[PDB]
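Visitor: Experimental structure and sequence below.
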Amino acid sequence: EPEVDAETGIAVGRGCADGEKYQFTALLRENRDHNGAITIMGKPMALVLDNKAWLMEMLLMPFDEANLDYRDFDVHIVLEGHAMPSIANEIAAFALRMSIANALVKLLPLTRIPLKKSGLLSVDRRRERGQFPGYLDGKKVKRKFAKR
Amino acid sequence: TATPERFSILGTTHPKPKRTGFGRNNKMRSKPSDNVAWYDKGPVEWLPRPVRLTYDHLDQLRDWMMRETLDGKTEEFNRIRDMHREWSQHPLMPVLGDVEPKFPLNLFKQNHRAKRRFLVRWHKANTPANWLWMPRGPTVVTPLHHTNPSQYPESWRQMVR
Amino acid sequence: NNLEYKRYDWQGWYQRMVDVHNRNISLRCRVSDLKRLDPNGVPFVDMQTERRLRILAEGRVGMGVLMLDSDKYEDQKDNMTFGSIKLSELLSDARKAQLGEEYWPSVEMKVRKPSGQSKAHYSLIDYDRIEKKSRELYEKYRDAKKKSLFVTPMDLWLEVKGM
Amino acid sequence: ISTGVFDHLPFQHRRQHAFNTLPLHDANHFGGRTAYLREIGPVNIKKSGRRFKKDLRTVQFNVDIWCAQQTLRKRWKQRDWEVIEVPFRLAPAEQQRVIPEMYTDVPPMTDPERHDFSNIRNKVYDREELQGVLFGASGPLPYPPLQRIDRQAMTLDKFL
Amino acid sequence: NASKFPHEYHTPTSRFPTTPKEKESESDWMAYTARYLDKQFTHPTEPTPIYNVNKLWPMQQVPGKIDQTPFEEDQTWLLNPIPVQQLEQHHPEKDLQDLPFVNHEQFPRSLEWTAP
Amino acid sequence: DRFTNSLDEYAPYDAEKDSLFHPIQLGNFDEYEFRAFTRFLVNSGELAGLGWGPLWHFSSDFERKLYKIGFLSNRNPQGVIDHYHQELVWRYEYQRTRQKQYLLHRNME
Amino acid sequence: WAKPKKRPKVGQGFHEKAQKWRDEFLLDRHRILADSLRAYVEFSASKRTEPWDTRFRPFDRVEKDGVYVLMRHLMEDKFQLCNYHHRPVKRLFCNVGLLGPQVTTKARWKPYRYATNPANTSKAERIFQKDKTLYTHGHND
Amino acid sequence: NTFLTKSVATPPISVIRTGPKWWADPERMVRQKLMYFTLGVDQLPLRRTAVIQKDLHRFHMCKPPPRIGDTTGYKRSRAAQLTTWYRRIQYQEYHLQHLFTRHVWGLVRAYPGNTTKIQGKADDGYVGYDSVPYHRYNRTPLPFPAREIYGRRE
Amino acid sequence: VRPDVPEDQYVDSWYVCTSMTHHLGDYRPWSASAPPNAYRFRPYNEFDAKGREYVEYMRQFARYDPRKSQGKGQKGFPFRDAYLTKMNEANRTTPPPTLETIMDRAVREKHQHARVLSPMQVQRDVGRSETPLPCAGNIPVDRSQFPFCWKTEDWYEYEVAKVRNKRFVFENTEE
Amino acid sequence: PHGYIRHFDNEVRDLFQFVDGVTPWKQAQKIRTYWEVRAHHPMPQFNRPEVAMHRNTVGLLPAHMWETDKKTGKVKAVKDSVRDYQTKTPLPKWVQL
Amino acid sequence: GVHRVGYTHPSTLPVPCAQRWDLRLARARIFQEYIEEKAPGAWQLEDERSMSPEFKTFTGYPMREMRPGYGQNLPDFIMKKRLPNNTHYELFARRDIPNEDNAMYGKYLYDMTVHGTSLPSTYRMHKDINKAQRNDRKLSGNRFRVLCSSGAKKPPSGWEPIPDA
Amino acid sequence: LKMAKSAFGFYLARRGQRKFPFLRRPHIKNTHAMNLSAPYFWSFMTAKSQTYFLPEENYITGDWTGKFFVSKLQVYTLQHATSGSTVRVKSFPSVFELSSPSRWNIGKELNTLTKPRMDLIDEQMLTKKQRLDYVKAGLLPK
Amino acid sequence: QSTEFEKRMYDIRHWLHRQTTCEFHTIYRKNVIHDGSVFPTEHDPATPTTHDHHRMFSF
RNA sequence: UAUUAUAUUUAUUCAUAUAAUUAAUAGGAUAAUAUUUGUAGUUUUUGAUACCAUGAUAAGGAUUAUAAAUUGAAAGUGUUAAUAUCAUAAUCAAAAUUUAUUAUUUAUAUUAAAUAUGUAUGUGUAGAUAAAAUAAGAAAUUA
C-alpha cells in the first residue's frame, strides 16, 4: 500500500550503504508543475554529487525502472550516517538509490514490482572488515610471518 | 677549549663500514632494473611513466586551441590528426591461439617477485615497435578517417568544383 | 551509593568523591521573568536592558534563558550562594541600561564595503590633476625614451629614498 | 560539500608513484603543506627520521589545523561587509529587536509578518543606504546615492 | 637586544602569528595612495564612520594594539613562520585521561548525560 | 579540480547594487533550448564523427540521452555541455540491450 | 620465559675508560660544534640562488618581462639584502602585493634542498656532496 | 603539471586490471576524452574500451557461465581469444592516451614528469630536479636548475 | 536458533555464548509487541521507522511558534530542514512551469483531448481500478518549502545552536 | 573551592603572603634564567633558520676563538677561551650577594 | 588587513552607545575572565572536525585548541586545568590496593571481632601447615631466620631446648 | 628481557619490536641526546622558552650532607667551568666526571654532553654470542 | 515541591534492587533576591577598568 | 562428471628497561560527660626469594555453503592453587640496543612548549622471502 505523508505529499524512504557509514532517507515529493529538481543534503544535486554522470545516473535509475518522469517529483536525500565532507562515491549513490526506490514504492506501490525485480530495494549485506589491531592496515593484512 | 692536537681513544674506534649496496638490506646493487624506460621505441617510452592530465591542462589546451585555431593555423592540427590516424585504426582480431603468456606456475613461490618481474620484463619488450597485432604502415587502408590533409575542413576551398 | 560503598572505611571518602563530583549547581533563569517591574515603578529590565544582558553574557543564555553553572565549591550550599551572587552581579551589571542611552548596547551592522556604483568614481577622483600630471609626465617620458630602453614610473611618479 | 581531501592518509607502507599512487607526502597534498611532515630518502629507522613524522595522530592534527586555515581563508575572503558599531537609535529597523547571540537561539528570522525570513545574522547593509546614520553630518556624502534598476520600465527585458 | 632575534625568545605567553612591526599609514587604499603613491591626493583616507568598526569580528581585541585580521589569501599561511604540533597534544581537561585509548572516567555515567 | 582556473574570489555580487548597467536576465535553458542545442550537439558530433559514430548501438537514442542529459544538468546549460561529454561513462543504460534482445528474439520469428 | 641472565660484570677500569672516552668525545664535540656553527651561519648570511622554478608561469616568462620586470623594479634590492633565502624571498613576494596569491598557487619553487644552494650554481652534485660533518640539519653550504 | 619526481613503471595488463578503480576510472576516461574533444579527434579507442568496461562492471557481481566437462576443451582457448582481443583493444588505447598527453604537453608547453619522453620536443626523457645527479636511465649528469624544454615566450 | 519473537525479550548472557530471556523462558509473541492487527507490527499502521519521525517533523513545523520555542531545549528547535528552506533567500521565488511544458500539456488536453495526470494519478495498476485516487493529487509546489534548499551558514548555525542549547532547558515552565 | 586554580582566590592571596613571609631575596637572588647563563657562550646568539636566517651575521661568529686554514676554508681548531675569559658582569648588574 | 584595534568612547559619537570592548571588560570582570592580550587577530581558527558537521565527529564545542604551540608548561593552560584533587586518580588510589578487605577495615580488627584471634594469610597458613607436616615426618632441613635474635641466641633464665633424635 | 642488564631485565618482557604510542615510554632511554643541531642548539634537547628558571639539580633545596653525582638535568653554567669542581653524571657504567670543562657547554643541560650510546663497546660485558652479533652489524671487527 | 514526597523518594536508595543504584536529579524553582546598597546598578566609574585589571592572577 | 573459479595483485633496510628492609586494630561538634586529652608486656622461628619450588585462558586457514548466517579452533603461549632451604635485587622521573617473530614519513615551502633520533642521493636495482578472493570491482587443469 502507499504510505505517503498525507498533508505533506512526501514519501519518506530509507536507504543505506555499509550499514553504518552511509544511511540516507529520500523525502520524495510529487511535483505537478514539471519543474525537475533533485536535492541532496539541502543543496542542488549536481553541486552535491560533483556533477558526475555515472554517480547521478544511478540516482535517476529508479524513475527509469518505473518508467516515470523525474520532472514530476521532488527529492531530498538526507544523510543520517557518517556525515562526511564529500559523499560523491559509488557506495553512497547506491544508498541514495535504495532510499529513492523505497520512497517510490511508498508513493506509488505497483512500482514496487519493477523496483523489486531490478533490485533497487536490494540491500548489499556487506561491510568492511572491522577495525582490528592484528591487521597492519586494520582490515585485511596480518603482520609478516617468519619461520625460524 | 684548546682542542688537543692528539686524540686518545674516541677517534680510534672501529670504523663502521658504510652500507655497500642500496635499497632493501642496503644490498641492492647499481645495475639496470625492470623500471628503465626506452627512448628509442615509440613516442611513448616503454614502459611508460604514469602521467596524469589535469583540468588546468585541459583549460590550457583549450586556450591554445582557440589561439592556433584563430591564427589561421591548421598545421599542428593536421599533425595531431595524422598522429591520430597512425595509431587509432582497429587492430585485427587475434588469431585463435594467440594469448598473452601468463607466467608458468610451479617454479617460484606463489608470493614471489619473479612472477611479476617476468610479466613486466616481457611487457617491456612488447613495445609499440613489436605491436604486430594492429594495422600500421603504408599497407593499411583507412576507410574511417580522412586520407589527405586536404579533406580537412579548414582547407575547404579545395573540394569546390 | 547503596551497593558496596555504603558501609565501611571507604564509605566516607566515597561519599566525599560522589558529592564533590556532583557539587555542580546549575542556575537557569527566565529573562522573560526578568521582564518585570522594579518596585520603584520602573520595569526591572526593558528591551534595552535585556540587550545589555545578552551581550554581557556570551554563552550563559540560551533559548531565552540564562544559565550559570556554579562549579566552584565542593559543598552544594556554597555553590548555591556563589551562583546566586554571580547571577545577582551580572544582573547589577546589565541593569546599567536603566541609566541612559550611554549604556544602551550598540548593534552590530554588517555594513557592506563600498559597492561598484560607488567604486566606479574611484577612477575619476582627481581626474583633472591626474590627467594634468599625465600631460606633464608624458613630456618627461618622451624625453626619457632617448635615455633608457624602458621608462618605468620609478622615474616618473614612483618615488623612493635612495638610502 | 567539498571535493578536497581533508584527512591525512593512514601511515602505512610506502605509497609509490604510479597510477593511483603518489608519495604519501608529495607536493600536491594540502597545497604543498606536506613539506612540513615530509622527510627524504629511505630513512634509517633506528637513528634518523623525526619521530613525529611517523605517528598518525600528530600528523593528522597538523593536517587538521591546515584544513581549518583553509576554512578561515575562504570564510574571511567571503566578506564584503564590515561590522560597524551603530548605536541603537540609528540602526535600520530590522536590527532594533532582541537578536539572540550566536549559537543561542535558532538563527533568527528578519521578519515573518513581512514575507522575509532572511538570515539577520546574514543580512548585509550598504554604506550608500546607511549614509544618513554614520557620517550623516560629515558634509558631502563620500559615496553617491544608489542608482536603481527599474523593473516596471519598458526596456529590452520586457521584449521591447 | 631581545627584539633583534625574533625566534629565540618566546615567553610562555608569546603567541602566533607573530604580528609585524607597523609602518606609517598602511591602513587602506585611499590613505595608501595619499601618503605612498600620490602624496598630493585629495582624500585623507576612506571616509570613516565616526563609529566603531569591529573589523576583527567577532574577536573582541585590545584597543591600542596593532593586530592583523584572519588572512584571505591561502598563501600567507604557507608562508608564515607558524609551526606544526610536534610534541604531545594536550587539552587542559582531556589531559586527565592521558590518551584516547586509556580514556579515564570517574563514574560510569552515560555519555549523553544531561547534567541538571 | 574543475575550478583550478577559477578565481579564488568567493565574493558575492548584486546586479542592481553593483552596476550602472541594466540587467538582462539570461536564466537557464528551457527544455526547449536545451533540446535544440542538444540535438545539434548529439547529431553534429556524429556528422563530424566527434562522438559515438560506428559505436552508436551502445549509447541510447535521443529521447533518452536527452532525458539523461537534462536530468544530470537540471536543464542547466553548462551541465548539458558537460553531460553530453560525460555520456561516455553512463553505466546504467539498457535501451540497447533490450533492443538487442528484441532483435535476437524476433529475428528468429 | 627463560630466566634472564644477569649482565656480567662491567669489567676492570672500564668505568674510567668510558670516562676518558666520553671526555674526549665531548672534547671533539667542542670543535664539531664550533665548525658547524661557522658553516651554518655562513649558510644563513650567504646570498642564495633562485628558490622558484623557471618551469612554470609566471616564472617561466622571459627574464626581461612580466613578473621579472616587477622583480627588478620593486624588489631587486630586497632579495640581495635578505640573501635570496626561499623563506624571506617568498615573504617579500607575499608583501609585493601586485602578484596576488600567485607566489604559492602559480609560482613553482625549488624543493627545500634545491633551494638552499648559494647563488649561481650549475652542478647537480652540490646538494649530494655538501659536507656531512657539519651537523646543520643540512643547513650548510 | 605538478608531479615531477620519479614514477613507477607498470605494464598495461596490470594498469588495465585495476578495472573500474583507475583503468575504467570514469572521471579519468572522461578527462582524457576531453583532451580528444579539444584537439578535434574521434574518440574511437577510448569509447571502445569504455563500452567494454561498462560491460565488465555491469557483469562483475555475476558468476561466469557454466563450463562443460569436455575432454576436447574448446571453450577454454575461445574465451581466451575473446579476453585477449579485449586486452589488445585496451593496449592500443593505453598507447593512444599516453601519446596524446605527451604531445599535448609539448603543445601547452607544459613540462612532463621525470624521464617522461615527449617526442614533440626532446628525443629523450625529461630529467630535471631529480633525487639523483645522474640520469635515471642514461646515467648522464643533470644540469642545474632543471633542464629547459620549450620556448620562453608565455 | 531462538524463537522468532521480539528481540527485546532476549538478553545476551554473560560468559555464555548464548542468549537467554530475562523472563525465564516465559514468552510473548511478536503480536504482543504491537497494536491489535498492527500492519507489519507497526506502532501505527501509517508509516515505517523513518516515515513516522518525518511526518512528525513536518507537523511540528506546521505548528511551530517562536515565542513558544523559548525556554525549551533542543525540542523547541524547529525542523532543521523546514526552518532552513523557509530561511533561504532564492527560494522565495517559485519558478513557473516551462512554457514548452504548458504547451505540451495543452496540446494533450486541448488538441489531443486527453487529460495529463500527476504520477499519483496515473493508474499504473493493471487489473483493479485505482479509484479513489490519492488525495495528494492536487498539492502545490513551493521551492520555498520543498525541495529542501538552504544555505550553509543556515545549516551550521542551526546545528551548532541546536547542539549548544541542549542544556538550556527551563524544565519548570508554567504550562 | 574545587577544580581549577581559577577558583582558589583566597588561598592564592594566602600563598603569595606565606611565600613572601618565608622566602628571602637572599635565597631567590641566585636563581638564573637560561639566557643570563647562556650569555657566556662563544656564540650566545644565532638566528634560527626559519625567519631571521637572513638576519644571521658573520660578526656573531667568534673567529677570535677558533682558527682557519685558507687552502680549503675550514675552521680547524679552537683556542682556549676558558683561560682568558674575563667577564665584568659574572652575574648581571642586578645581582648583589 | 593590518588594522589598528581602535575604540572610540561613548562620548565622541553624536549618539552614545555601549561599546563592545567595554562590554567585554564588564564580562571579564563579572566572570573572572583572563583577557589574553597577545591573542593575535589572524588566528580565529575553529575545529571543523568538531565545529563543522561535515565530518563524522561534529561536536559543536571546540573539543580542543587548534594551536600547535601547546603544552601544560603554559600558565594560560594551568589556569583552565582541572586538578587531580577528587578525580578518578584519587578513587583508584583509595580503592585499588592489592587486597580489597584491607580497604574496608583492618584485618586484625575484623578478626578479633568476628572470630577471636587475628588469623594469618591463606599463604602464611599454607607455610605453617607445611611446617606442621614436613616437620612431622622429617626434620633437619630448617633454618632459624628471625627478626630479632637476642632472645634465641639468649634464651631466658630457663628454657634449655631439647636435643632431638 | 634476555640478558638482564639491570634487575628489571629480570622483571620486564620484551614484546618483540613492539610499536609504541608517540612519546609514551616506560623507560626513557634518551638515545638521541648528543645530537648536534646547529641552528637549533639552544632548542634541541633543551628547555623550551629561553627565559626559563633553572632545573633542580641546580640548587641545594635543603641541608644536605652532600651528593655523589649530579644529573644531566642540571644545566652547564659559569660555575661548571670556572669553579672547576667535580660534577658527575650517572652514565654507563658507574659515573662520568666533567673534569675537562669548557665554555661551549655553558647554557645546555649535560645530556647533549654525556654520550648515551658509546661507539666503543667492551666485549668484556658482551656474550660469546653478542660479539659475533656486533661483528654482524658492523661494530667490532673479526 | 513536597519535602514529604521527597522523603519518600530518598529511601528508595535502600529498597532498590541488586547491583542497582540511583542518582537523584532535582531541578527545583527557587527565589534569589537582587538588591540596591550591596549590588549597585550605578554608572560606570570615572577611572576605566582596562584589560590590565583582568590579566592572569588578576582574578 | 555434477551441487562450478587462486595466477593475480599489492610487499621486504626494523631498535630500546631501573639506585634493597611487604608482619597489627585503634571511632573527635550540632549525640545527657571515659584525658581511653597522648589505648607503651621486645627479642621461638624459616618457602613464591637473586633459588628448586606441579596444574589453569594464545598464534596458527585447505573441503558441514547459501539462505533469513561471521573468513578464527583446546591441547595452551611468562607471571596463577600443596616439592623448599644460596644470597633483600622492582618504576616516585630523565635511564646502557643483540633482541628472529618488524609495514618509514620519497624533492614547492623542514625545530613553539614535560625534550623527542644526524643519516643510508644513486638504473625500484642479489638470493630467498610477506600479504590477501571479506565494499569493493579478480575468473577456470577436484582430491
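Guide: That came through fine. Residues are numbered from 1 along each chain as shown, chains lettered A, B, ... in the order given.
Visitor: my read: residue C:145 touches residue C:156, true?
Guide: No. Using C-beta atoms under 8 Å, residue C:145 is not in contact with residue C:156; the gap is 11.6 Å. All C-beta spots, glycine's among them, are computed from the backbone N, C-alpha and C.
Visitor: quick one, which of the two is more surrounded?
Guide: Shown here are residue C:145 and residue C:156; by other C-beta atoms under 10 Å in any protein chain shown, residue C:156 has more neighbours (16 against 11).
Visitor: Now do the contacts for that one.
Guide: Going by C-beta atoms under 8 Å, 6 or more residues apart in numbering or on different chains, residue C:156 touches C:137, C:140, C:141.
Visitor: does the last one sit in a helix, a strand or a coil?
Guide: Right, the one you point to is residue C:141. The three-state assignment at residue C:141 reads helix, by DSSP: H, G, I helix; E, B strand; the rest coil.
Visitor: can you tell me how far it sits from chain E?
Guide: According to C-beta to the nearest C-beta, to the nearest Å, residue C:141 and chain E sit 17 Å apart.
Visitor: ditto for the second one
Guide: Using C-beta to the nearest C-beta, residue C:140 is found at 17 Å from chain E.
Visitor: In the chain, which helix is the longest?
Guide: Unless you meant another one, I'm taking chain A. The residue-count maximum for a helix in chain A (DSSP state H) belongs to helix A:90-107.
Visitor: ah, no, chain J please
Guide: helix J:9-22.
Visitor: mind listing the strands for the chain?
Guide: The chain I'm using is chain A. Taking DSSP state E as the criterion, chain A contains strands spanning A:10-17, A:22-30, A:37-40, A:43-44, A:73-79.
Visitor: I was thinking of chain K, sorry if that wasn't clear
Guide: Under DSSP E, chain K gives strands at K:3-4.
Visitor: Quick check: residues of it near chain J?
Guide: Proximity of chain K to chain J, by C-beta under 8 Å from any C-beta of the partner chain, involves residues K:32, K:34, K:78, K:79, K:80, K:81, K:82, K:83, K:85, K:86.
Visitor: Could you work out the most separated pair of those?
Guide: Farthest apart among the residues of chain K next to chain J by C-beta to C-beta are K:34 and K:86. That separation is 24.1 Å.
Visitor: To residue C:149, which of the strands of chain A lies closest?
Guide: Using C-beta to C-beta, the nearest of the strands of chain A to residue C:149 is strand A:43-44, at 55.0 Å.
Visitor: Any residue of the lengthiest helix in chain M touching chain E?
Guide: Longest helix in chain M, counting residues (DSSP H): helix M:3-10. No. Remark: helix M:3-10 sits outside contact range of chain E, by C-beta under 8 Å from any C-beta, the gap being at least 14.8 Å.
Visitor: tell me the centre residue of chain A?
Guide: residue A:96 (1.3 Å; C-alpha atoms, centre = their mean).
Visitor: Would you mind writing the CA trace of the longest helix of chain M as PDB?
Guide: Taking C-alpha atoms only, helix M:3-10 is exported to PDB below (Å, rounded to 0.1, in the frame of the first residue of the first chain):
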ATOM      1  CA  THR M   3       9.500  17.600  51.100                       C
ATOM      2  CA  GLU M   4       7.400  14.700  52.400                       C
ATOM      3  CA  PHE M   5       7.200  13.100  49.000                       C
ATOM      4  CA  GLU M   6      10.900  13.800  48.600                       C
ATOM      5  CA  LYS M   7      11.400  11.900  51.900                       C
ATOM      6  CA  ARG M   8       9.500   9.000  50.400                       C
ATOM      7  CA  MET M   9      11.800   9.200  47.300                       C
ATOM      8  CA  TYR M  10      15.100   9.300  49.100                       C
END
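Visitor: Helices of chain G, start to end?
Guide: With DSSP H, the ranges of helices along chain G come out as G:14-45, G:67-74, G:76-81, G:86-96, G:102-105, G:112-115, G:125-129.
Visitor: Go through the first one and flag the buried ones.
Guide: To tie it back to what came earlier, the one meant is helix G:14-45. By 16 or more other C-beta atoms under 10 Å in any protein chain shown, the buried positions in helix G:14-45 come out as G:14, G:17-27, G:29-45.
Visitor: Ok, which of the helices of chain G comes nearest residue B:33?
Guide: helix G:125-129 (20.2 Å).
Visitor: Which residues outside the closest one are in contact with it?
Guide: G:113, G:114, G:117, H:132, H:133, H:141, H:144.
Visitor: does that helix come close to RNA strand N?
Guide: Yes. With C-beta under 7 Å from any atom of the strand as the criterion, RNA strand N is reached by helix G:125-129 at G:125, G:127, G:128, G:129.
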